[PDB]
Structure formats: structure tokens, C-alpha cells
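Residue numbers (the numbering used here), protein chains in the order written: chain A, 1322 to 1623; chain B, 232 to 315; chain C, 5 to 99; chain D, 25 to 1362.
Note that beta-carbon positions come from the ideal geometry of N, C-alpha and C, so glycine has one too.
This report refers to the structure that appears directly beneath it.
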Amino acid sequence: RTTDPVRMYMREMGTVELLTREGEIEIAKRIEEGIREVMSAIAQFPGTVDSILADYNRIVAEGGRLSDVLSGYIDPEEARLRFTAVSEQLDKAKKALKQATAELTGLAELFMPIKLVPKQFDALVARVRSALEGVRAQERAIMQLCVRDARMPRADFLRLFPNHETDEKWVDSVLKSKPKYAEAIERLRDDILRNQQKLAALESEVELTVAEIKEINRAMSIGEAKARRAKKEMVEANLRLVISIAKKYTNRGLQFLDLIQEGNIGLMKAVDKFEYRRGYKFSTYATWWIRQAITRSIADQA
Amino acid sequence: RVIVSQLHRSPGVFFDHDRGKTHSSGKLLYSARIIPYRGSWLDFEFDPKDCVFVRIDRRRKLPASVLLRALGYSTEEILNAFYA
Amino acid sequence: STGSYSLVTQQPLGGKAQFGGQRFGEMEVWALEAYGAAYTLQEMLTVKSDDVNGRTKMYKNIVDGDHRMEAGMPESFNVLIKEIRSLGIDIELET
Amino acid sequence: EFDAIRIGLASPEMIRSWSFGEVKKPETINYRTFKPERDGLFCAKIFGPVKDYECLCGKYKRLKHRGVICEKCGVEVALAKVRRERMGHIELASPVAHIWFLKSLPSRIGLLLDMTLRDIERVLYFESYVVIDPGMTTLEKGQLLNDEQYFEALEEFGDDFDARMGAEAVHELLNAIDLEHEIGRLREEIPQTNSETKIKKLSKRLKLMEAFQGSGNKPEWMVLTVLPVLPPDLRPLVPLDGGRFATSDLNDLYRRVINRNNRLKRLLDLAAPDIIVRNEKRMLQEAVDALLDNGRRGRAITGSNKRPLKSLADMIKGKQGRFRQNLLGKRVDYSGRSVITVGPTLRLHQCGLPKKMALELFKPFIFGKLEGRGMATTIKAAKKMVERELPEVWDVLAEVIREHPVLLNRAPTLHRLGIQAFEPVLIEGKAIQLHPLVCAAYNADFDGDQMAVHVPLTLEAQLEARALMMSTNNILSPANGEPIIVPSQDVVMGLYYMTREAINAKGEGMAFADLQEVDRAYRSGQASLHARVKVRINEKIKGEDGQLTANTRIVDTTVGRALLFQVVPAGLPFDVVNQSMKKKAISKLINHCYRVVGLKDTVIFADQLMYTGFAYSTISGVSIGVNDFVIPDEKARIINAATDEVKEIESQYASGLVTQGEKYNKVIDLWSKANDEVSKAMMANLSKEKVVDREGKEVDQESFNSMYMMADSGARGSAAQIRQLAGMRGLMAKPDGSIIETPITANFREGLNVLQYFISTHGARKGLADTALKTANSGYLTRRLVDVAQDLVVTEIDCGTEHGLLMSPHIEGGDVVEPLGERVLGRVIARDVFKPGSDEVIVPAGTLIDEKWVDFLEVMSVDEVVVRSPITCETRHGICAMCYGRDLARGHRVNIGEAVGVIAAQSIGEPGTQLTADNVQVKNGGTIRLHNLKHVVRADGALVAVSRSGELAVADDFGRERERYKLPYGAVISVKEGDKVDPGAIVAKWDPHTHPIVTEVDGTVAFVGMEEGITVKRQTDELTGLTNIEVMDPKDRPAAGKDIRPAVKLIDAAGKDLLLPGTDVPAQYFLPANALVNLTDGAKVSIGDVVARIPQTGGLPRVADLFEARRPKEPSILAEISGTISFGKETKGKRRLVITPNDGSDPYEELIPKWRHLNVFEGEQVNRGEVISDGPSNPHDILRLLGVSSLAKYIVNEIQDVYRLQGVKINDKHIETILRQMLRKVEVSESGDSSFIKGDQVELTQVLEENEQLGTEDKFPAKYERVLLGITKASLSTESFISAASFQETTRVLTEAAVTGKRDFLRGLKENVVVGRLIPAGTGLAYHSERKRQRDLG
DNA sequence: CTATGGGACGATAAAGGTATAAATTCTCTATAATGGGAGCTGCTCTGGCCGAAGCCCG
RNA sequence: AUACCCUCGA
DNA sequence: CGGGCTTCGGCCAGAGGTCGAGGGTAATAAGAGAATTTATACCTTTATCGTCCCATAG
Ligand SMILES: [Mg+2]
């Protein structure tokens, strides 16, 4: 029944082990795989690709900088060529909106190697999750309406309604099923139908259906989860490094655990900004960020 | 300012057998204690039921056999060396 | 006679150097309680110390030459109330 | 106004209600601009404005809008005092458990979940999961799961099993308690199990659940999801000079908590891995725990210092442990101190006061008088005059001092006498002049002592000083009616020297017409101060009440006695002053004068006595010189003889004949006898060392040697110290306690050698080291005594009960320790008092016994009387004014509102610093009487008494018992009840040396089962020392002889079976191991013949043990129920002695382990009150078996023995008062209206039973058993929580009050002290009564 | 012939714009660096609290 | 004008 | 022969006089430089409130 928190931190963290630099390369490869998957998913959203074209237009019009948009691949002239190719792919896909699905798959293939600055990443994420939030809010609105007013059963709810959410087929089918609940639904036809009109407007903005958007966002979520798992493995690997470096500043007017936690935050920041093509050991780059975090934490307490 | 000289327990080994109420019995030949100039302090306690327990300065009572074995003495060599 | 008090508990400080007053600790309070003297004890633990609105009013009364001793409530009890509240356990009164 | 302060758990909603903002930033003040920052620990948005009636920007500076908050300045403009009431809150990312409800010894959060504190700690420290909402699954809600276990459970189930970790899991558990269902289930399961431990645990569970249900408290509130922050001035940063800032521990802890909370939110918002998240949650839990308390689990530390940080728990605990230094101590104004100085020109009511101290203390009074007289117009002019010390300011200072008493107290005030009011007189100097006669009460000598002076201000305060605590009012000690303002050393010496007698002196013989002529002759030098003369006097006697008879009489006395009688007031005879006037005689004279003449004449008499004592100790140039220590001449001879004896004994030991162990005792006894003989010779020489000539032939007289006077007068010194000064110092003790084999032969006049000095250093070092620990223990004991007996104040006048304690003179041993007069003086009679012949009422009813009544009782032969005691007086919440008898500080009965409990505690604890066999031989001749004896006559009339309860008394001729002795079992006594036995006779010829077994029946016994080798052994000693058989030990016997026990079957001389009365079974007592049965089996044994014979601290710790009602290591085993005792089966290892009472058989009897020797003999009356095995009694068994009055007598006698050993006299009223306070609680057996077993105040149970009698049913009344609690336990178990919280264990009592939702109605002394209200006792009683009138009656 | 409501008047303070320098927090650096250390040992008792080990026992 | 440490007096 | 059931032994908490008085000691190192917000500073626009001329009701 050890009461020392440092002791149990050592116990819980001590289960994981280090790994040689090829292991770090593999973990960075996993991170790259996840971000490539989520970016390829983003490619299947026309609004996001139009937005990246707009950011490039700012680049050309000097409204954005090279270091504020792109982050290399697996000079702006290669960027010129790649975005001209991606725009031609976009136009040829839009022209024949069957073969359009193959055109978007090629579009995802072409946009797949590209890498961008994290701010645009969060912007793309915000857009896709806002579309998801709108769809989910429409779901909740219709659900609360029908369940709490017409007493319409949850079984037929979760059987017949889902995955369409946009056409009058489900309303008419429930009406033809002829329960008293469908009779009470007739008072709520107007609001549900006008909300589904807004959903249809949102779909026509994105040119895609509910099932398609669900597939893309699910794939993006899987990629984000893969990247998160890779980062978790890497930080659990470098916990030993962070405790070893945190020894330096014990009697600096701050607790040991606060120091190691700040160093942990620094090392997660380092993982967020680490690449394997640098051909370097992790510890060299992690030391700088951990020192920055710990030193800033102690300086803030002066 | 003046540094007043300090008198303290001398480093070495000390044996205590003072009558105590801990055992609530007749008597108990109490622990044998080792005190260094600098380092950890080892105590050789004596359990009420005729057993010897050893604890470091900052630990709980442990049987002396554990320390004897950790020092490298065999579980039978130590018995022959001490009990007979 | 009167002077600066401690900032946390409004009581006179201690020791010739900070002016300061002697303390009617537990034993002297018991001694006053063994006597029937409750008004001097209450004035002693209420007016001579630990009451902001009591000290000034008592000074006024002494200067005008009347001894009324409006009681008030000691500030140390308020400090205790706020500390117990900061310990996350409620305190109130029944009015 | 307000009352009934509540305590409860803090709700998150009410925590929000308390706060005025959300503290979010760790830092406090910007280094560049020195104003508090937004959302910081000092932010103006939350806590208030830095400057009174100001804002952050200065947009509004006017003093008009005191509540409006500006637009740009959201910090509302208000008074600067508001920074003390305003608190904030911190929103925690995750809930954290409260440290107090976790780490208290009974863990409230653990008890509420029926899970051990270890498991909860495992969950909190993120070591194991816990299960919430088990649903339809194998897992249970109380089940804990490890990482692998939880992973397997999740894989197997997949859902329908909510498992969490951390304080979030505990919070999710707490709010799903459903206290109603749990209470119902636990109440249903409470009586199903008959296990005492399990029933106790479930009873505690029920208590907690009902407390939560009734108190409006919610279990989820234990884990706080939001915590407050102290207002900034209560956790201030006091800037160090030089621009540094001193940060309080509270600020550091708050900053740590804020930092960890901010880290938590910003690491969860980015989805950090689970391990680091849980580590951060653990850190936040630890930081909040360290903020709330420290050292319980983690013992958090500060930066660059090994001193731990001070949390809120240590802050509310106060300095000096739990004794609140701010709410009880509370340094005061109008005070000062200085070294004290004896003033011999002071009257008893006044004290000297230095000009500067008086001028500083009374400064506002001087200002007021200056303004009233118009001598000063502005206060600046008044300050200028008072600082210039202009000659006219001394006049106004004299006017303000004339009738304004001041308070003087010593540093340790052990009793109320340690602070008394004096009417100051201006003196020239810097020291406070004290009256010499008040030094004894203050316990203050002039070797460097200091005294604090306080100036009462209100007219109430001045009148209380003059009427209750003026020095003249308190002459008699509150501990005992004996005076305390009595002549001390020097004045006693003067009075003793004045009233001596010389065999031949100048002026002896002639007769004087008046005391005036005696003074005229002495001052003219024609007569010695002590010369046997004749003088006629005019004494006024007060023999008849209201009639003062004056008579003129010629008395043979000395000049000094006649001179001193001129001081004596006009109500006492001259015979009271005709003796040598020793210290005890003078104290008794003052006591008699107080009770005869009055108080004002008594203080005048005391002042006159002090004046004459000083004057005539100055006139007598008494002095100490090297020739005063008279060494006896026979000391050398005695020392040489003892040295020869010890040399002979040492030679004998060298020969080997004498053992070292016996030689040690022999030589110590020899040296002690030699020391006693030397001391006796020295005292006999010194006392009579005066040869004088009386007109020719030489004669002897009492010595005039100065040291002998200093001893005999009692002024200063004792015989034990002259034993060292003029005789051999005697044996001295080694540090181990063993007396050193060689003594110190030399005295202090001769001077000691180096070795003897080293031994005396052993002794003196031991004593001096013991002194400090004695003082500390006495202080702690008196603090506990005061805190346990403070609510007890006289409230009623006559409660009406007629129960009390039978008080008889204490005759333990051959001498009367305390006469009946001293025990019942100042008490009140409980029932009728009768003559030796009944039907004649002597003392009718509750008449307060006074000096006249005690003299009347002495004139008659009253021996045993019953008096009303504070252990009686069953009144509620107080004590009646009768059962507490005469006040001791005053001559009359106590008055309503006297805090006799605090006086009792002070009286007991003040003198703590002074602390650290065969036959009966009648002392004097008296008619012998028997008490509590149950024995039949022997064949020849020996009257052997086998009953253990029994005593022998020798009643005097009048009828009172002059001496009593304890008669043991099997005592042969020449019974002569009514026949006087001469002194020194041996009436009882007991000689146990063994445990004899009497044979109440007769006839030819049948020793059945006596096996020679298995049950008995016919072992005969050398030289035919015994023709008997030794019983074989049960283990030393064979395998079959172990279970066989000898039995002397009861048969008559012809073979007829006989049995003892009451029980059908014969009195066939078994013969156990180590027995002595000399009578042959089958031989007629007489009635009472011995059948079986089986051979067999002090000071402050002892009184503390008695007041705590502790249990020693080996308590005395006592009988449970009276009846027929049996034999204990030793084979099982614990003796089981079943009791079979004749009135009704109760087979229940415990088993006593044979580890301690048991002296119980089977086949006799159990006598529940009696003792089974020796040892110190356990106060409890006495209480629950003998009763309450028996426990009262035992405890009172036990404490009084310890106090009388050092000769300090304390009235028993105080010990009985503390006893009443300890016996204030009773436990219930069969409730019918309450819980089965509960510790409830006897007042509560009595009220409930009285209401139930006139209520629903008649059987609703409850039966309960009285229980005794120690002072440190009785004080903490009071109904009020504020009283207990400021005594000890503040955390435990505060958590208990929080969970129980206690309410404290301020109805005690400490409650009103801490809350600043008038004391419910003394003069505040009227205010409290009026408040009750206005509150209870609408 | 006079006091008072009504309406005209106008000097300025607040409101919003609206940039603009201060200032104050935020983000990076790429050999490698991958379980800490002071922690007392010389109280003393009492008291309570769990937890284990005998002890009846039917 | 806050906490420890040291020393000293009763 | 398992099982309540009493008892005992190890472990932790709490508490240890008061009031002085004096003295002393109290806690450190990334630069660059980019970026974002905020207090400042000048200026115009609208309302507000101090202000007085004027017709009129008695
Ligand atoms: Mg002294």
C-alpha cells in the first residue's frame, strides 16, 4: 500500500519498454500512415479540396506563406505542378458527376501524398465535424419530436428511418403503416420536412449523401485513432527519457511530479513535430522540447 | 558566533535489554543496534516468542533469516554456525 | 493602550518593540470564569481585542466619559468561520 | 442576533453560492504593475477592491455609489473590508475525495460504502477498477478489478458493466447510495446476526445512515467537485521590507492546486494517453489533499526548507495544538507588565503602579478628563501635555486612578486567585509594587517574577473587579475554606518572635493596667519584648449572637503577646493570642476571625498583623550566622559507632558468611537508624539550647537560636532541611533509585567532600528534572479538568432529591486521617440526623453545616452522616445550590450562576506541581464492634470468618468508631463485642500465610479421589515437619491423574451425607494443587476447620489515571453476581467459576486466564461487590456492580490519598463535581424508544422516559446502565461541537459534526467565549435569562 | 402687472470608429542524452483499529 | 510585521 | 471438523504549561522572433443636460 505517487507512476509506466531507433522509425511510419489516411478521406470532401485550392490562391496572391500552408511530402514550383494536377482531376471529376467515383478515388490518390500545416488540418477537421454535428442535430431533433409527441415506437424508428433522413419516403411509409402514432405524426409533418429540407440543402452543398459522408468521416476517425495510438506508444516509450532529464531541476522551487508532467507535455509536443526523414535519434529532438517546457514552467513560478 | 560542541551516541553497536511493557510479560532481551557515522542503521530486534527480527532504519520488522540468507549464508550453514 | 493590530486577526501584536499587549490565554480566561466576572471577561475578549467596530466605539465612550460597551462580535470567529467554509464544510446560524 | 451554529457538508451548489467568482489563474500579482491579475488569487473581480471605495481603473472614485459596478470596471466599487468575506471557487476537471472524510480513523466514506479504506485508496490511487451498476452480470458493485482482471471482464461481457477509476468512481458510487433502501436493509439485517462485533459494525452503519437521512446531508457531497478559496486577507502575502513578498502556505497550496487543475483540463482537451491522464488526476487529488491537510498520507513539503507546509487543518487547529490561541487567548489592549516588588506600606486592597505604566494605560481616561476640565481643547494639545508630563497631568492621573481598580496576574494562573483586582496607587519607578500577603495566593516570590496589569473599562467591569475579584474579597482559598491571604515567612517570624517567653528577662514580674501601659513600658525600654508579666485587659466576647459582652480580666502573659493583642479585633478572646503564634496558629486565628467578626475587620486585622510582623521582625535583629547551625556533639560518637559496625559487617561479608544482598539491606537499615538518631539528638540539643539564670539557679528554656525559630515558627524551613544543615545528610539515591550503600556524613556547615557532593548532585538533578515534567503534566491535567467540567454551573436552588453520600471519618489504619468535622463542614445534610438513640432529630433537613453545627455534632456522638453531593442532585443541565454546599471562597452558600465546575477543576489542578499483616493490633482502648461480618461461632468460640467482606472496629465510649481494621478470611477472633479491650491487644489472631478453606459443616469427611501419585502425594517434610499429604499438580500427574481432582465428600461422624444450606449439593470442596489438608480423612473436623491451604502508583500519573478511568496492565478481578462460587477449570487454561445464587441461579460466568494468580476459594459466597483476585481496581467494574456512590467514595478517597501525601488540603466537593461531569453519560440496554446500545446523556434518557410515562404506552420507558468516561473522553463527547473542537482532535470531531449535521446551541462557557458573548455564569446569567425569556416565550 | 410652463438653444460628454504602438504570451532549436533521494532511528502512554490465532462447540 | 531556530526568566 | 467467537498482537493517531524576553534567517536564469491582444491616442457623431427667450394664466 505505497502512498508515494512517484512510486506508482514508476510502477504503471515501468511496464512499457524502450525500443531501438528502427522502432521509432516504424512508429513515425504509423503516424504518417494515419495522417495519410485521414487526408485521403478529406480528399473526398469537395469543400475541403476547394478550400485548399483557395489557400493556394492566397499563396500565389501572397496571402499565405510557404511555411504556413505546406509541410513537405513523402520549393513552391512542385506545389504548383501538384495543385494544377489536383485541380484538373477535380474538374474532370465534376464534369461527369459511376465513373465519377473512380475520379474521386484518383483524386484521393493524388492528394494523398500531400502534407499541410496543422492549422489547416484543424480547419478541415472543424468543417467535417460541423457537417457531422448538423446531421446529428437533425437526428436528435426529429427523434425528440416523434418519440415525445407521437409515441411512435423506437423499433420502427431504428429500423426504417436511418440512413435516408432526407426523402419523404420514410414519412410516407410510416404513415401507410397505419398506427395511431402515424396519425399523430401528421401534426409534425411540417417541421420535420422543413428540417430535412435544410439537410438536403447541406447535402447539395457537399454534393454527397448521408451514407457517403458517414463512410468518409468514419475512415477519418479510424485514421485519427491509429495516429493517436502511435503517439501513445511513442510517449510511453519516452517517459523514461523525461524522468531522466527531469532530475536536473528538483530544488528549483517546484515539485518533482509537476516537473515531469511539464516535461511530458513538452515531449508530446515533440512527437507532434517529429519526422523520421531527418535521420536522427529521437532523444536529440525530445531533449530540446522537454527542456523548453520544464524551464518555462519553472520561470513562470518566479 | 561560537560552535557549541555536540555530544551524541557513539558509532558502533549497542545492546539494550531494558524492562519494557511492550511484551506485557516478565522480560525480553531487546534489540541489538548498529549505528554508523553516516549511512543506514541496522537493528536486530528480538520477538516475544523467542525469534530474531531485523529491520533497517526505515522499514518494518523482518525475520533475521532473510538478512542472513541475503548476506550469502546458506539456510543450513548459518544454522550450524550459530545454533551449534 | 491602543495601537496597530495583526492584519489577519485584529488583535494587538506582541512584545515591547511592536507595542503589543499581554494575552488572556486559556488559563486566565478560566480564572475570570471561576470568578463571577463575565462582563469584564466579555469586554476583555470582545472590546479590548478582535472587534473592529467595538474598539473605536469604546474609545469614544471612554473619551466622553461614559462606559457603555456595545458588544459586537469578535473578528477571529469570523476568520474561523471562513476557514471552516474553505475546508468545504458549511456553517450557518439559526437566527 | 443568532444562535445554533450549524455544521454540514458543503454542496457544490452552495459552494457556488458562497463564491463571488471562478479563480482560474495561478499567479497572483504582475511583477511590472502591482495590481492583482484577472482570475488570480487576489483578483478584484472576485474578492473585492484593493482600496476602499475604488475600482481598477479609477473610472468611479466618488464615495456615493457603494454597490454599483462600473462598465469598464466590472470590479464593483465597495469598502476594502469586503476582501475578508468574499470567497471564490475552483472548477475541477475531475472530482477529488475530501481528505478529512477519508483519513479519519473511522473513514466516513469507507463506512458509507461498506468497503475498507484500503480498497477505496486502491481505487483513488488509480490502482484498481471498481464496478458501478452491475446489472445482469457476475460482477458486483463492491468488486475491485485489476488491469488484467478488468480487461478479461470487458472481453467476456462487453457491456452492462460500468467500471471506473479514481475519485470519479467514488463519486458515482456515492450518489447512487439510496440511503432509504440501505437503511431499511441494514435495519432488517441488524438483529439477524448475534455476533457482538458484527452487530456493533452494523449499528455504526445505522448511526451514519440515519444521521445522513435526518441531517439533510447528501452522501455525494463528500467528494467535492468544486472547492473554495480563502479570502485574500486571511491568506495574505506580507511583503518583506526591501520589496520582497512573504507568501503564506495557503497561497502556495492554492497555486499548486490551480496549476494542476489547469494542467488537467489542457491535457484532457487534447486527448493525452490514459496513463498520463490518470497520473495527473492522482496529482490533483494529492494537491487538494495537501491543501486541506498534511502529513496524513503524503506529508507534502515546501521549497528549500524541511519544514512542512501549513494547511487549513493546521490553521484552524491553532497554535499550542488544538487550544485555539486566537479565539481563546486573544491578546488584549490596555495592558502592560513589569517586574514585581514587595510594598510593605500598602493596604491589602491597593497595589503600586509606576507613573509611566499608569500614564500609558489610562491614556484615554486622561484625555477624557482633560477635555472635560477644559485644560485641553484639541487632542493634540492633550497628547502634548501627557507626553510633556506637565505638573497638572499628575493631578488628573490621580483622579482617574482614585477608584479605578486594575487586574494583576502572574504568568501561570493555576486558579482564579492568580488574578485579582487592586486599587492602584502611583509610585516612583518602573516596577509594580505588590502587597506581601497576596504573594502566597499568586505563588509569586520577588526573585524576578513579572506581572501583567489590565485596566477594566466598563462600569460593569470596574464593579466586577471591586465586588468579586478585589483582593479583600478573596481571602479564603476556593479550594478549601482555610485562608490564603495569611502572614508569610517574614511577618510570621516577627509575630512568633514577639509572642515568645524568656525565663528571666528585663521587665519580668510587674503588672500593667492596660495594653497601653505595656506599650508605654516597652517603647520606653523598661521591659523586654518577651517577659512574663501580668496585665489586665478589656476583651469583648461574641459568645451570644447580637450581644457583644465585654469583660475585664487579669492574665499572666508576656509583653509581646499583650502588644499583639492590641491588634486583634473586638470579637475574639485574649486566649487566642496567648500562645507562641506559629504560622499554623496565625492562619487558624485569621480563619476564626473571619467566621466570627466579618470581612472588613478581617482585612484590617490582616493588614495590622502584617504591619506588626514586619515592625517586630525589624526590631529583632534576627540573623543567620555560622554559629547558628549547632552541630550535636554526639554526632561524632554515633558516626564512629556506625562506621565500626559497617566495617565489621564488611569484614563478615568478606568472610563469606553474609550475602551481599542481605548486607546491603542491613547496612542501609543501620545507616538510616544512625541518621535518625543523629537528627533526633541535633533537634533535642538545638530546641533546648538555652541556659538562663533566674535570680540565682540556672534553668533551661526554649531556644532563641535563629534557625530554630525559623523552623519552629513555620516561617521558613523544615526539620528535613535542618537535618542537612546541622546534621548528617543521610542516605541518597542513585539515578536508578537504589540507595547508595554509603551515606553523606558531613553537613552543609562542615561542607561535603567531592564524592558526597557528586551524590547530592545525583539527587538534586533528579529532583530538578522531575520538576519541569511535573509542571507540564499539571498544566495538561488542569486543562483537561477545566475542559471537562465547564458546563457545570449552579442553576437551581433545591433540586428536591434526598440521595447523597454517607460521609464518615477517614480511619484507614490505626489513626483517624480526617475527622468527620472537616469532611462535612460547609456541606448540607441529606436526611435526618439522630442521637445515639433514634427517634430524636438532631439535624432536621438540608441545613448548611457551619462552625456552630460542626461543633454541635462534635459535642454529640454523631459518627456517620449523609450529605447532599454533586454526584446527586439529578437536576438537568447544572447543579442545585444545596447539593453543592457552602462556597469555599465565601462564608455563605453558593449563589446561582457560580461556575463551580471551573473552580473545581482549578482547585484540583493547581497543586499538581506539588506532586511528583498477619494479626490485628489495636492501637488504643475501645469497645470492639463488628461490621459486615458473616461467620458462625467455632466449637471453642474462635469465630473464624471466611467471608471476604468484613472489618473489625473498636468503637469509643461515646459510640463513634475510633479505629477500623480489615478482617481477612479465616480469622480467629476473641469476640468481645461490648467488652473493652486494652490498647495493644491482639483480639483477632488471623495468620493466613496461605489461602485457608474453612469447613462450615462437621463430621467424618470422605476424601474421595485422593490418589497417592495421581491426585495427592503423601510427601512428608524433614524432621516430621508435616504429617500431611501434598496434592499432585494437574500437569505433574499422570495421563489419567490429570483429570482426577481430590474431593472431600461431606459425611457425618457416622456416615450421613451433609450439605450446605441453600444448595442441595454437599459442600464437598475439591482439593487443588499445592494444598495442605492436615486433618485425616474420616476424622471429625470441627466447624470452621481449615481444610485446604494454598500459599499466595503515586503522584500526578496516579491522579491522571483515576481521572481518566483507565485500566492497568493487570486489573483486579471482581465477582460478577453474588451467590455460590465454584472452582475454575484450569485444564482449559482459563478458570471458569460458575455462580449459583440462592435467590436465582445465573449460570453465566466468564473465564479468567491463569496467567495471573487467582486467590479465589470455591464453595463460599460470591459477594459480587467483593474481589476475586488481587490487583488495583478498574474504576468501571466498581461502577457497574457496586453502584455510583461506592465509585464516588472510592475515587474520592484514592485522589485524596495522593493529595494528602504531600499535605495539600482540597475539599471533596471539587472531586465529586468532576466525577459528576464524568458520570454524565449512560448507556441503554433495552431501549424501546432508542437504539439498542448508545452513549446518550442521562438527561436525554431521563427526559425521554418521563415523556414516555405520560405518553403512548407504559412500557416505552427505557432501562439503562450508568457508564464512566475519562475526562479526555467525556469532554470530547459533549453535545456541543464547538466546545470539543477547541479542546483536542479538532479534525475528528469536526468531521463527525459535518456528517452528523450537528447544531451547537451556545449554552456553555467556551461557546460564548469563542463567539464573544456573555458568560452563561456569573453576572451574564441575567442577560442569558432575559434572552431565553424573549426567545423561548415568542 | 407678475410668476410659470413651454419651447428654443447650444456647449459638451459619451459612443463609435479606427488605426497604433506596447506588451505580453506563444512557438522553435535536430549528436546523445531512456526509473530519486532525503528519508530518522533517544518519547510515552493511551487509545482505537484490523487482522490473525487459539477456543469452545454441536 | 509571517514561520521556524537558538538562548534566557519565573 | 468447519465455524462462530473471544482474545491478542501488530500498527497508526494524538497529546503532551503559560507568559514573557532577546537574537537570527528567511528563496533564481534561452535567445529569437512571430504573433496576438490590449491599452492608447486622435477624431467624428449623436444625445444630454445646463441654459435662457417667450407667451400666458391669474
Ligand atoms: Mg521566583
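- Annotation: Cβ neighbours of residue 328 of chain D in chain A (cutoff 9 Å, chain order): 1572 and 1574.
- The C-beta distance from residue 1495 of chain A to residue 1514 of chain A rounds to 13 Å, too long to meet the 8 Å contact threshold.
- In this structure, residue 92 of chain C has its beta carbon at no less than 8 Å from each heavy atom of ligand 1.
- Contiguous alpha helix (DSSP H) elements confined to the region 838 to 874 of chain D occur at 844 to 848, taking only those with 4 or more residues.
- One Cα belongs to residue 60 of chain D, the other to residue 81 of chain D, and the distance between them is close to 13 Å.
- Residue-level contact by beta carbon holds for residue 149 of chain D and chain A, with a gap shorter than 9 Å.
- Runs of the beta strand (DSSP E) spanning 3 or more residues and lying entirely within the region 879 to 910 of chain D occur at 889 to 891, in chain order.
- The contact set of residue 1516 of chain A on chain D, defined by CB atoms closer than 9 Å, is empty, because the minimum CB distance reaches about 31 Å.
- Judged by DSSP in its simplified three-state form, residue 1451 of chain A adopts helix.
- At a cut-off of 9 Å, the C-beta of residue 1358 of chain A has no neighbouring C-beta in chain D.
- Under the three-state reduction of DSSP, residue 1200 of chain D is assigned to coil, being neither helix nor strand.
- Look at residue 436 of chain D: its C-beta is not under 9 Å from any C-beta on chain A.
- Close partners of residue 439 of chain D in chain C (Cβ separation under 8 Å): 35 and 38.
- In this structure, residue 514 of chain D has its CB at a distance of at least 8 Å from all heavy atoms of ligand 1.
- At a threshold of 8 Å, residue 469 of chain D counts as near ligand 1, since its beta carbon sits closer than that to one of the ligand's heavy atoms.
- Below 8 Å, enough C-beta pairs join the region 1116 to 1131 of chain D and the region 796 to 815 of chain D to call them touching: three or more.
- Here residue 728 of chain D carries a coil assignment [DSSP, helix/strand/coil].
- Note on the region 43 to 107 of chain D: whole beta strand (DSSP E) runs with a minimum of 3 residues are 43 to 46, in chain order.
- At a threshold of 8 Å, residue 472 of chain D counts as near ligand 1, since its beta carbon sits closer than that to one of the ligand's heavy atoms.
- Cβ proximity to chain A below 9 Å picks out 279, 280, 283, 284, 287, 290, 291, 294, 295, 296, 297, 298, 299 and 300 from the region 274 to 300 of chain D.
- The Cβ-Cβ distance between residue 40 of chain C and residue 1340 of chain D does not fall below 9 Å.
- When DSSP states are grouped into helix, strand and coil, residue 391 of chain D belongs to the helix group.
- Neighbours of residue 304 of chain D across chain A, judged by C-beta separation under 7 Å: 1582.
- Between the alpha carbons of residue 858 of chain D and residue 874 of chain D lies a gap of roughly 18 Å.
- Under the Cβ criterion of 9 Å, residue 53 of chain C is counted among the residues facing chain D.
- Looking at the DSSP output, residue 571 of chain D bridges to D/568.
- By the 16-neighbour rule on beta-carbons within 10 angstroms, residue 218 of chain D is exposed.
- With a 10 Å radius around the Cβ and a threshold of 16 neighbouring Cβ atoms, residue 1373 of chain A comes out buried.
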